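Participant: I am attaching a structure below and will ask some questions about it afterwards.
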Number of protein chains: 4
Amino acid sequence: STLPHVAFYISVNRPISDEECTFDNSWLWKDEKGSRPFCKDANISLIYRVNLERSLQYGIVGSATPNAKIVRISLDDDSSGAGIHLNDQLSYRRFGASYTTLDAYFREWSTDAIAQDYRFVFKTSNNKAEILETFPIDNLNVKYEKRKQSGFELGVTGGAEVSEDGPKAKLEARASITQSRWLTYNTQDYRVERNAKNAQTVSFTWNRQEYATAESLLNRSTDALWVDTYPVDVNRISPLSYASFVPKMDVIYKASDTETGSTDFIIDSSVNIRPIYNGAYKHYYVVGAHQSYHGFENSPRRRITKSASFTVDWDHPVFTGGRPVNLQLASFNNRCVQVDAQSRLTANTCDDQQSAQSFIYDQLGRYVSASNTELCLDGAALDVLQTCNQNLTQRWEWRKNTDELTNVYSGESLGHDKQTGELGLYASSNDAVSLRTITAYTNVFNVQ
Amino acid sequence: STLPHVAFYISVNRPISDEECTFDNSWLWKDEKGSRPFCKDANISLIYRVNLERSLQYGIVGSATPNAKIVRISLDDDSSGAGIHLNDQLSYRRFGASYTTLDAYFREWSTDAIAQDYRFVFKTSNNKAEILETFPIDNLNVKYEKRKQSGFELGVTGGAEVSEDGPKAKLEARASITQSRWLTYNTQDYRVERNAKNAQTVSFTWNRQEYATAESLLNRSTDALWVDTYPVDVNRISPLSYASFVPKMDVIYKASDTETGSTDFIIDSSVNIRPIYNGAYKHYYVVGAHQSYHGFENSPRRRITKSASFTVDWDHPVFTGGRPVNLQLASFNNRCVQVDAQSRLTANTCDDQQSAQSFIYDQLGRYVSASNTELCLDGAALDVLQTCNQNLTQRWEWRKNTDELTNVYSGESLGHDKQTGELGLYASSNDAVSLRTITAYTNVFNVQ
Amino acid sequence: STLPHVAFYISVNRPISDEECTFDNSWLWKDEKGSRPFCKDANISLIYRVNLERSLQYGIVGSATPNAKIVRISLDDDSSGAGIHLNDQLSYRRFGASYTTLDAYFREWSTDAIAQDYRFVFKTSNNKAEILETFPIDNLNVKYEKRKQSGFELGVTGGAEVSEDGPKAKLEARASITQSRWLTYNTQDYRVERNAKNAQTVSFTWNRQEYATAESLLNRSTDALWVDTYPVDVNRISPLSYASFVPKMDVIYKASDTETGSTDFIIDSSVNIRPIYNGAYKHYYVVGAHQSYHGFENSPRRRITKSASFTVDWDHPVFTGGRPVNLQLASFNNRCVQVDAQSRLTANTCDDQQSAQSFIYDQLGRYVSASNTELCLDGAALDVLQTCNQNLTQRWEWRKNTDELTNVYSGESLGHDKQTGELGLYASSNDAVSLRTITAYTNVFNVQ
Amino acid sequence: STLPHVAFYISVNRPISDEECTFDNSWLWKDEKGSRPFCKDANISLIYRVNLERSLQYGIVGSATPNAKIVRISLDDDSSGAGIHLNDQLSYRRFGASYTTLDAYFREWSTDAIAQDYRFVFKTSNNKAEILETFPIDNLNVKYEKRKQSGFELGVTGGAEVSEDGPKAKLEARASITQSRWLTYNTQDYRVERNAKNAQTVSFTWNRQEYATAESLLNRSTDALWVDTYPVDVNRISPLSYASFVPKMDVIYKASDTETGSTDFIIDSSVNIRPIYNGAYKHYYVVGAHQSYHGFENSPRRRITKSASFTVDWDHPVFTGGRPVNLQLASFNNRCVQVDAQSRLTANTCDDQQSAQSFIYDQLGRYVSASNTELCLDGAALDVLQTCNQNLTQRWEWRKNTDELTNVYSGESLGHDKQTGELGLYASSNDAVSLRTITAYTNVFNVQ
Ligand SMILES: [Ca+2]
Ligand SMILES: [Ca+2]
Ligand SMILES: [Ca+2]
Ligand SMILES: [Ca+2]
Ligand SMILES: [K+]
Ligand SMILES: [K+]
Ligand SMILES: [K+]
Ligand SMILES: [K+]
């Protein structure tokens, strides 16, 4: 009775090799210090849930929901997978300049790679489907709190200084005017950015926001020359950026209710791997020589992607919105009514997953072919399916408490020849004709 | 009618011996001051709840949930156990340097061990199962509150100083410009870090965050030489660190609906035991000699683990999603239809937990073997189970208000020989054949 | 139909005698000033609610809840009792040193005792039961709010001083740099600390947190010598400390579904009674002599405990999960089927609370003994209970609208001899045999 | 079907006479200035709701609620009364010292009395009942917000002074270190303090908290001598202090399910009436003479109490938990079965409120005397009530669609002699015996 679905999981598993995230050990002296792997068993492991369905059940008229074929791709709390992993913990290596100098970089630290962003792109092979809705629904409309302060202050002062010179009196008056502005807003360390290039493609990117630059990771900005310590505050790097990331997003595609052909849906899951480079700069000043710490933002990044795809055939029986049944000729042990390519009807061995043996019993009482809902079983000519119309010969009702299917127009029962299974209309059975018809729901809702 | 489960508890009990958390009494003089136990009846006591189930009931088609075999491992409010325990209360010992000096560490305190972190690792013996979802769902996306302030201040001052010298007048003007930035965020003393190396393994770690270092536990940083007191603020160490810790987490594994074989699931519960070492450093300055307190972070830690495991056989009857019944031949006191290894049918003494005597009565009316859902009881050949298909001889219905099982194809009843229990189809009973069949639900949902 | 319970209250009443909380009048001069009672009709009055039950109803298979025997001990809003009481109000006594001095304590106040902590310990006599869950669920994971501020300030100043000496002009420039850190967190005056030593014992302690020391109760730290007043701010001592304390906690124990024997559960409710001692110290300085107030933390404390216990017999009928009935032989005025020690059946005068006359009517239709669910009433041999199996002679059904119990295998009715009550199977009653059986629910759910 | 209650209101009305709150006009000169009434038609008007009930309905076994007899005393939103009233508005009188002086109190104001506290004490005459639960559930566990701030500030200053003497340059450097602690918590002007001396008595006191002292009511602390004004800020005295106070509290007592005898419950409602005295102290100083305002805390207080009480008979029929019926012999116009003191049965004129004519029709079908649930109507001997047991002669069922009560054991109907109403068992009625029995619910749930 309820709306049928085609539901399946898509596993996206992609181990990231050691060479796939090997970067130069240093950014200032990239040609001298060699290279090393900045990850440790990096991996992508996601599980998408895909649903195919019609927007409404078969034959429902006057609904407030438009008729459409819906493809829903979801990565939610019920089905997410392990996630994207880069590192168990972050380490660093320190490198010094092989030659001494005066005003240049003399030290460098390279920290294990973090995820600059995670990107998930949903594409479509053709334009038969359009994005109907997504989750997250939209980019954030940031809320700001503004605050204006105005103040004044009035003061007086009376002093009395007594010394050998003589009494000395002071009188002072002060007036001050103050004005300040405040701005308050919220950030996160990863901000979701939704980017919809056109009706067929949308991408969700979780981008580093609060500490996005290597410079922002420094807990100290200046130091004395004798200080030689790691200047990065690793506590500012959340485990969300290397240990495990799981996105939450939904994409709903829709096609027109009369769409034909097929469409490939592609999901691109990627992580922008970014090693962190920091350098110490020697500033020689006559007053005092100090070192200043800097982060390099032009350092290399590598995007590691895994693509998953599935094909949707818009003529799949799930997009009729109905639950099909078969018509089994019960004089035989295993024979069902089957429709071939040119609409003719034959009796073949029943197959529960064969859509050519599936019919939808609609509201009018017609048996419409599940593979082509424009064709009906017509009692006037029971050798080929006929175009659905309002013919009374196309309407059937089940005789109560029996296995007889009767035609509405004439009241005759659907019978089949006991030798060949050829269908016909008969007032009553005889030696050569059986009136026993058995119907059961078929399972045509497997992804094929 | 509802979906069956296999549910059981796994107790993880591990007393931690005195030697398992014996550390050096001192960190600076580890070879001189001996060792002592830093715990007091440390213990791990957890109770995991495991559920085995199918994602859907047997034979349901067109659902929005994909077909899958689900393994759920839970440590929640309904079933958690005592928890992980290290100490009733924290004590300390003070040690002094055996030799006096000038600029070195001269005092040390070693505090009873706390839990640096609690780690729970969920592994899998092979890749037949993948992590589908977890709780906690993901690592935290930290929210920051930024605040920008800009201000200006204008002032004037008018002074009048009178003395023996003569009247003196002052006029002053001030202008100030201010700019400040605020950053606000929340921490905890234990932060959950989710780490999913691949599709088969996930680890949850509760890591000390707010006071993670021995240095952060010092309530004072400097003191005069004559001061000799414990410099650690024990109020900063919550009872969550040593008295009792109970995690809350769920892991859901999934296997394909056609998975075979078996899989071992391993749960590793561990605590990273960390003694706390602090030292007082003597700083001799000509202006003034003082002592500065330091915490040592390179001090030893010991991880104490307890592993629990259970085996899941993917061919368990619970993963069919149906509730099996037996077919008892009621002419005998105790005889049931039983399937042997090669599919033949015999009559044996009924066993309520024998899956070889269990059948699922499906929607079509077939009796499919619970141990192999591809085999049916077929009325055409009642000596071996046959492959499930759409044969009408494989469909059975119960005659109303009787103990007769009738075949759909021919209408004959299932009968058994009164001496050997051999099955057959009969229009009516006779002296040698009984038509009495009794069915009851079997209990095949025990973990075996 | 629903799950039966054994429910009862445990009253824990313990008046605390005057000598049980008599402490020394002074801490500095404990041998000179005598002793006094620091309480006023101190009392412990708690009411625990205990529930015994099975986790599931009898015979339920395939549930997501594991089979277990549950013991629930609760002290909640529905049943708590009066609480723990120490004082109606807090008073103090002042004591002075009998000898004058220069730099020593010269005054002391001893305040009426408060509760340093309230402790509730749940123990178990053996390891047949394990803690499954508690309330409070765990120790608190404290949440901290961190705040970083950075600022700069730029200023200019222009002064013009005019006097007899001549015009004088001033020009000044200021630059400031500021940095501050904030840490915010919540405390209570009593913090719950959960301490689970092992799988059998858990203790909950409400420990003073915000004002835990006598020093923290002083509203003033220094004073002039002539000042002679009580230096304790009694408003900082909440009525929760002495007037009435009621804990809220739950402990759920579980045993194996096949546990035998018995187990003693012990509840230890205690209060750590602590008198408050403060002293005034005379500090003689040439610049100025003052007095500083101090609190003494090494002052004595006394723990006053009351132990309650109850015994759980794991073979109690409540742990079957079923609601038993008796089988009354209705030809007699008062005769029921009774099982003796070795399984034989006799007719004895009915007792509604006798578990030897109680049977569970299970899903199969068997009458299993409530005192031993492995024994059934078997129609093949109606003189001794038989091991439960799938025998059809062990299944019974009630003939509709009558008082006849019929055997499933043969259809014969259960009858009893009209003189001795010996059971048997009969097609019909006669002069010596009655077929009238009456069944009613028995009350075996009293704590015994 | 549902659980019966005995419900009634207790009105506590106590007008407070003028002399009952007449205090001295002054505190410093109490013997000179006379006395006056500090209230204006002070009054106590409260309405308590009392419920008597059993914890469970009659005959319910296996419940998670223990069997108990419950007495509930409530003062809630549904039933509270007018409240406690002291004054329409607060006025004051000013008094001056009859003799002038130098350093002493020279003025005094006496303000109309406020309520220092409202106290409600629930007592019990004996220990048959214990406090099971209350509302408010417990004393408040105050929550504190702590805040630590640490900061540093660095500054430089460059000055250039130009005058006739010559150019003068200044260079300054500043460094500051700051540290602050914050503590935040909530108070009310009336705090509820629960005080449970033992299992039988609990008191609730609403005590003034925020402005509890006469000193805290002063809006000014010092003034010049010529100032002569009322120094009390009457806006700090809420109308809750004098105009109307209504408490909200519940007390639930429980007794053993087999308790006998009676118990008196006492409710003491009182208000601690407190006049407010303030004085002005003349401080003569050579620099300047001023007056300082003081409040006196040792001023008199008077507690005005009204006691209400009610008696609970633990053998009241409401504590059976069942709804009784009577057995009316319907051959008479007005005759019911009645039980006398020694258990004999007679026919007397029916009284709907007579518990001696009330029976509970229990689950077994027994007619249990409502005044003594250990006695049943037994068909073997219908002249005296018999001890309840499992006799089949003690079970009755109503013949359908008739007024006949039939015995379960023999099937005979309960009949009564048409002249005397003597009960008996008869197969059929005759001229001297009527089989017509009429039953109706009786109203035994009035407080008696
Ligand atoms: Ca509408
Ligand atoms: Ca849907
Ligand atoms: Ca489930
Ligand atoms: Ca329960
Ligand atoms: K602000
Ligand atoms: K701020
Ligand atoms: K702040
Ligand atoms: K603040």
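We name chains A, B, ... following the order of the structure tokens; residues begin at 1 in each chain, and ligands are numbered from 1 as shown.
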What lies within 8 Å of stretch 47-54 of chain C using only C-alpha atoms, ignoring chain neighbours under 4 positions off, as a JSON list (two decimals) with N, CA, C and O atoms, in the first residue's frame?
Facilitator:
[["chain", "number", "residue", "atom", "x", "y", "z"],
["C", 3, "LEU", "N", 5.06, -7.64, 33.37],
["C", 3, "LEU", "CA", 6.17, -8.23, 34.10],
["C", 3, "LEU", "C", 5.97, -8.06, 35.60],
["C", 3, "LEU", "O", 5.75, -6.94, 36.06],
["C", 4, "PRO", "N", 6.05, -9.12, 36.38],
["C", 4, "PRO", "CA", 5.88, -9.00, 37.83],
["C", 4, "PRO", "C", 7.13, -8.47, 38.52],
["C", 4, "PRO", "O", 8.25, -8.63, 38.04],
["C", 5, "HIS", "N", 6.91, -7.83, 39.66],
["C", 5, "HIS", "CA", 7.98, -7.29, 40.47],
["C", 5, "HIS", "C", 7.82, -7.75, 41.91],
["C", 5, "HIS", "O", 6.73, -8.08, 42.35],
["C", 6, "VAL", "N", 8.93, -7.76, 42.62],
["C", 6, "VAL", "CA", 8.93, -7.77, 44.07],
["C", 6, "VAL", "C", 9.39, -6.39, 44.49],
["C", 6, "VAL", "O", 10.50, -5.97, 44.17],
["C", 7, "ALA", "N", 8.53, -5.65, 45.17],
["C", 7, "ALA", "CA", 8.81, -4.28, 45.55],
["C", 7, "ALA", "C", 8.64, -4.12, 47.05],
["C", 7, "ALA", "O", 7.64, -4.58, 47.61],
["C", 8, "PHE", "N", 9.60, -3.50, 47.70],
["C", 8, "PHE", "CA", 9.48, -3.23, 49.12],
["C", 8, "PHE", "C", 10.36, -2.05, 49.49],
["C", 8, "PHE", "O", 11.24, -1.64, 48.74],
["C", 9, "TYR", "N", 10.07, -1.48, 50.65],
["C", 9, "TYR", "CA", 10.81, -0.36, 51.19],
["C", 9, "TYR", "C", 11.79, -0.85, 52.24],
["C", 9, "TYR", "O", 11.51, -1.80, 52.96],
["C", 10, "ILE", "N", 12.94, -0.20, 52.32],
["C", 10, "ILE", "CA", 13.89, -0.43, 53.40],
["C", 10, "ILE", "C", 14.06, 0.88, 54.14],
["C", 10, "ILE", "O", 14.57, 1.85, 53.58],
["C", 11, "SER", "N", 13.63, 0.91, 55.39],
["C", 11, "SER", "CA", 13.79, 2.08, 56.23],
["C", 11, "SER", "C", 15.15, 2.03, 56.91],
["C", 11, "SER", "O", 15.52, 1.01, 57.48],
["C", 12, "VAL", "N", 15.87, 3.13, 56.84],
["C", 12, "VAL", "CA", 17.18, 3.25, 57.45],
["C", 12, "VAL", "C", 17.08, 4.37, 58.47],
["C", 12, "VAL", "O", 17.20, 5.55, 58.12],
["C", 67, "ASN", "N", 18.49, -11.45, 28.46],
["C", 67, "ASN", "CA", 17.87, -12.06, 29.63],
["C", 67, "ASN", "C", 18.75, -11.85, 30.85],
["C", 67, "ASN", "O", 19.94, -12.15, 30.82],
["C", 68, "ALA", "N", 18.16, -11.37, 31.93],
["C", 68, "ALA", "CA", 18.92, -11.13, 33.15],
["C", 68, "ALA", "C", 17.96, -11.02, 34.32],
["C", 68, "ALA", "O", 16.77, -10.75, 34.16],
["C", 69, "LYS", "N", 18.50, -11.24, 35.51],
["C", 69, "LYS", "CA", 17.78, -11.01, 36.75],
["C", 69, "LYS", "C", 18.23, -9.67, 37.32],
["C", 69, "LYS", "O", 19.42, -9.46, 37.54],
["C", 70, "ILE", "N", 17.28, -8.77, 37.54],
["C", 70, "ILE", "CA", 17.57, -7.38, 37.83],
["C", 70, "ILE", "C", 17.22, -7.09, 39.28],
["C", 70, "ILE", "O", 16.12, -7.43, 39.74],
["C", 71, "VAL", "N", 18.13, -6.45, 40.00],
["C", 71, "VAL", "CA", 17.87, -5.90, 41.31],
["C", 71, "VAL", "C", 18.07, -4.40, 41.22],
["C", 71, "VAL", "O", 19.16, -3.94, 40.89],
["C", 72, "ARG", "N", 17.03, -3.64, 41.51],
["C", 72, "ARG", "CA", 17.06, -2.19, 41.41],
["C", 72, "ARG", "C", 16.90, -1.60, 42.79],
["C", 72, "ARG", "O", 15.92, -1.88, 43.48],
["C", 73, "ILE", "N", 17.86, -0.79, 43.21],
["C", 73, "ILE", "CA", 17.81, -0.09, 44.49],
["C", 73, "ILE", "C", 17.74, 1.39, 44.20],
["C", 73, "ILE", "O", 18.62, 1.93, 43.53],
["C", 74, "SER", "N", 16.72, 2.04, 44.71],
["C", 74, "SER", "CA", 16.44, 3.41, 44.32],
["C", 74, "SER", "C", 16.19, 4.27, 45.54],
["C", 74, "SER", "O", 15.58, 3.83, 46.51],
["C", 75, "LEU", "N", 16.68, 5.50, 45.48],
["C", 75, "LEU", "CA", 16.41, 6.54, 46.47],
["C", 75, "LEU", "C", 16.05, 7.76, 45.64],
["C", 75, "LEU", "O", 16.92, 8.54, 45.27],
["C", 79, "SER", "N", 10.36, 8.17, 46.73],
["C", 79, "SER", "CA", 10.60, 7.49, 48.00],
["C", 79, "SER", "C", 11.98, 7.91, 48.48],
["C", 79, "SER", "O", 12.99, 7.40, 47.98],
["C", 80, "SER", "N", 12.02, 8.79, 49.42],
["C", 80, "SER", "CA", 13.32, 9.25, 49.87],
["C", 80, "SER", "C", 13.47, 9.23, 51.38],
["C", 80, "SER", "O", 14.54, 8.91, 51.88],
["C", 81, "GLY", "N", 12.42, 9.54, 52.11],
["C", 81, "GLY", "CA", 12.52, 9.65, 53.55],
["C", 81, "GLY", "C", 12.82, 11.06, 53.99],
["C", 81, "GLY", "O", 12.90, 12.00, 53.21],
["C", 318, "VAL", "N", 9.89, -14.58, 41.16],
["C", 318, "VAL", "CA", 9.80, -13.34, 40.41],
["C", 318, "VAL", "C", 10.81, -13.32, 39.28],
["C", 318, "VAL", "O", 10.61, -12.65, 38.26],
["C", 319, "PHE", "N", 11.89, -14.07, 39.41],
["C", 319, "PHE", "CA", 12.94, -14.05, 38.41],
["C", 319, "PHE", "C", 12.66, -14.98, 37.25],
["C", 319, "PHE", "O", 13.47, -15.05, 36.33],
["C", 320, "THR", "N", 11.55, -15.71, 37.28],
["C", 320, "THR", "CA", 11.09, -16.39, 36.08],
["C", 320, "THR", "C", 10.47, -15.42, 35.08],
["C", 320, "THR", "O", 10.47, -15.71, 33.89],
["C", 321, "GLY", "N", 9.97, -14.29, 35.54],
["C", 321, "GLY", "CA", 9.32, -13.34, 34.68],
["C", 321, "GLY", "C", 7.88, -13.66, 34.35],
["C", 321, "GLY", "O", 7.27, -12.95, 33.56],
["D", 64, "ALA", "N", 5.34, -2.89, 40.79],
["D", 64, "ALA", "CA", 6.61, -2.27, 41.13],
["D", 64, "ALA", "C", 6.50, -1.27, 42.27],
["D", 64, "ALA", "O", 7.52, -0.80, 42.76],
["D", 132, "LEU", "N", 7.63, 9.86, 53.56],
["D", 132, "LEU", "CA", 8.11, 9.17, 52.38],
["D", 132, "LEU", "C", 8.74, 10.13, 51.39],
["D", 132, "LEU", "O", 9.81, 9.85, 50.86]]
Participant: As a list in words, please: the residues near residue B:249 (cut-off 7 Å, only C-alpha atoms, same-chain neighbours under 2 positions excluded).
Facilitator: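 The filter keeps residues 74, 75, 76, 135, 136, 247 and 251 of chain B.
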Participant: Selected residues, N, CA and C atoms, written as a short mmCIF file (atom, residue, chain, number, x, y, z; two decimals), in the first residue's frame, please.
Facilitator:
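Produced file result.cif, reproduced below:
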data_model
loop_
_atom_site.label_atom_id
_atom_site.label_comp_id
_atom_site.auth_asym_id
_atom_site.auth_seq_id
_atom_site.Cartn_x
_atom_site.Cartn_y
_atom_site.Cartn_z
N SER B 74 27.08 -1.60 22.07
CA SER B 74 26.64 -0.42 22.77
C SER B 74 27.16 -0.42 24.19
N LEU B 75 27.51 0.77 24.67
CA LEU B 75 27.89 1.01 26.05
C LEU B 75 27.13 2.27 26.43
N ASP B 76 25.91 2.11 26.94
CA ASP B 76 25.04 3.26 27.11
C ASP B 76 24.48 3.35 28.52
N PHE B 135 28.26 6.33 17.75
CA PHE B 135 27.98 7.41 18.68
C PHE B 135 29.14 7.47 19.65
N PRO B 136 29.77 8.63 19.86
CA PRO B 136 29.57 9.96 19.28
C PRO B 136 29.68 9.96 17.77
N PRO B 247 32.29 5.43 29.90
CA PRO B 247 32.06 5.98 28.57
C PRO B 247 30.65 5.70 28.08
N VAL B 251 28.60 1.52 18.44
CA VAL B 251 29.17 1.23 17.14
C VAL B 251 28.23 0.29 16.43
#
Participant: Let's see if you can do this: from backbone DSSP, list all strand (DSSP E) residues in stretch 106-258 of chain B, as an NGL selection string.
Facilitator: :B and (106-124 or 129-135 or 143-162 or 168-188 or 190-198 or 201-208 or 222-224 or 249-256)
Participant: Taking 3 positions as the minimum chain separation for residues in the same chain, which residues sit within 10 Å of residue D:402 when counting only C-alpha atoms? Answer as a list in words.
Facilitator: residues 398, 399, 405, 435, 436, 437 and 438 of chain D
Participant: Produce a file of the selected residues containing N, CA and C atoms, as an mmCIF file, in the first residue's frame.
Facilitator:
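File out_23.cif, as written:
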data_model
loop_
_atom_site.group_PDB
_atom_site.id
_atom_site.type_symbol
_atom_site.label_atom_id
_atom_site.label_comp_id
_atom_site.auth_asym_id
_atom_site.auth_seq_id
_atom_site.Cartn_x
_atom_site.Cartn_y
_atom_site.Cartn_z
ATOM 1 N N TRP D 398 -21.960 -14.017 39.780
ATOM 2 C CA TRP D 398 -23.305 -13.536 39.524
ATOM 3 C C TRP D 398 -23.871 -14.263 38.320
ATOM 4 N N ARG D 399 -25.016 -14.906 38.503
ATOM 5 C CA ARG D 399 -25.713 -15.493 37.373
ATOM 6 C C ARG D 399 -26.103 -14.394 36.402
ATOM 7 N N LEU D 405 -26.854 -14.661 43.131
ATOM 8 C CA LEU D 405 -25.454 -14.861 43.456
ATOM 9 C C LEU D 405 -25.251 -16.345 43.708
ATOM 10 N N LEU D 435 -34.237 -15.778 46.337
ATOM 11 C CA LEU D 435 -32.901 -15.811 45.768
ATOM 12 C C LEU D 435 -32.477 -14.479 45.182
ATOM 13 N N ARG D 436 -33.192 -13.403 45.475
ATOM 14 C CA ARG D 436 -32.924 -12.116 44.852
ATOM 15 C C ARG D 436 -31.944 -11.323 45.700
ATOM 16 N N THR D 437 -30.778 -11.042 45.141
ATOM 17 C CA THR D 437 -29.751 -10.267 45.811
ATOM 18 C C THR D 437 -29.375 -9.093 44.930
ATOM 19 N N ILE D 438 -29.339 -7.911 45.517
ATOM 20 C CA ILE D 438 -29.012 -6.689 44.801
ATOM 21 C C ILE D 438 -27.774 -6.087 45.436
#
Participant: From the list C:388, C:232, C:339, C:425, which residue is nearest chain B when using only C-alpha atoms?
Facilitator: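 Selected residue with least distance to chain B: C:388.
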Participant: Applying 9 Å and only C-alpha atoms, which residues near residue B:112 remain after dropping the ones on its own chain fewer than 2 positions away? List them as a ChimeraX atom specification.
Facilitator: /B:37-39,87,89-93,110,114,274-276
Participant: Excluding residue B:367 and residues on its chain fewer than 2 positions from it, collect all residues at most 9 Å away from it, counting only C-alpha atoms, and give them as number ranges by chain.
Facilitator: B: 359-362, 365, 369-370, 375-378, 394-396
Participant: Can you tell me which residues come within 12 Å of ligand 1 when counting only C-alpha atoms and all ligand atoms, ideally as a PyMOL selection string?
Facilitator: chain A and resi 62-65
